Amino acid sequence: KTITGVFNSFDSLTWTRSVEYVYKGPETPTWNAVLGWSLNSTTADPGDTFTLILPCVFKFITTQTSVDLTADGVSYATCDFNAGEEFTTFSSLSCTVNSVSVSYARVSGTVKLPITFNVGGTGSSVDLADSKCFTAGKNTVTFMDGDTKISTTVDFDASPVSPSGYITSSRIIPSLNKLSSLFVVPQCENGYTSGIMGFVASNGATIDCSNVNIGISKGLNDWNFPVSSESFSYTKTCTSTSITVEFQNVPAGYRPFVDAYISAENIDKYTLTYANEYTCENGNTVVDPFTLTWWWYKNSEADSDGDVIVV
């Protein structure tokens, strides 16, 4: 049978600082969610199943496939991780009650889930939906076990990057062994005449042309991600080494952007070179190419200018 109500509290949600990760953004590893759970042998049998839904969670920051609900050395249930990634706007746990050698009546404990949230990152439908999950500052984070909600408050820092410049972001998609990578053109408040946007991959990275998004977004959210993806006039060329989009007239209030999946499999880091040209309406063409090295993990540690770490 299916049981509900096993996870019965959301005790704390805290960010663990690494050497390479500096601000407490929603997508920055690692947020740890500590939940309270309990089981009662009169209402749950070994092999009964239960699920926990984690809206707006992109993935679990672990290599393990499962985590156990344990107390005082004993494993009372095992929960498989099912990350949302670019498949769903939520993640979940699928859990089963375990058989045990010593019988128990009622037991309870806590479990810690290492996660990052999805507040956007590409023009995909999942990312555009989750770009509206949270705002900078105080938010309530809720998970659901059957029909019951368990909640805590959190404070998320907004991006320290100014929204009006170019934006770049790279995020690992662990189940695909790929990353997504995003580039948003600098802001032309009164619209664009034309521009060229995109990136060429080098130093171990290739672009997956089957998984690209090109759009204009009506502004960006608090972490500078696209919040919509409307139609516009452009032409594009995508190869395994380069994606380039040349666009014409974009209206005031919109920001053109391009993202694609990147494979960068046996390396600590890869390089993207961004063309970055744009012409604002009644302005002159700006040509401002730049290069970034994206590190899978770092490793340097926490360096600066041109060196950025993936989330």
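Just count from 1 along the sequence shown to find any residue number.
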Going by the entry, of stretches 238 to 246 and 254 to 262 the one with greater average Cα B-factor is 238 to 246
Between 273 to 281 and 56 to 64, point out the one with the higher average CA B-factor as the PDB entry records it.
273 to 281
Of the residues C133, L93, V97, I196, the one carrying the largest Cα B-factor as recorded
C133
Between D208, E86, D145, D222, which one tops the list for C-alpha B-factor in the PDB entry?
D145
Should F232 be placed in the lowest, middle or highest third of its chain by the C-alpha B factor in the entry?
lowest
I214: CA temperature factor from the record, placed by chain third, in the lowest
Entry-reported C-alpha B-factor of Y166 relative to its chain, by third, is middle
For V141, the third of its chain into which the C-alpha B factor falls:
middle
Check where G36 lands among this chain's C-alpha B-factors and tell me if it's the lowest, middle or highest third.
middle
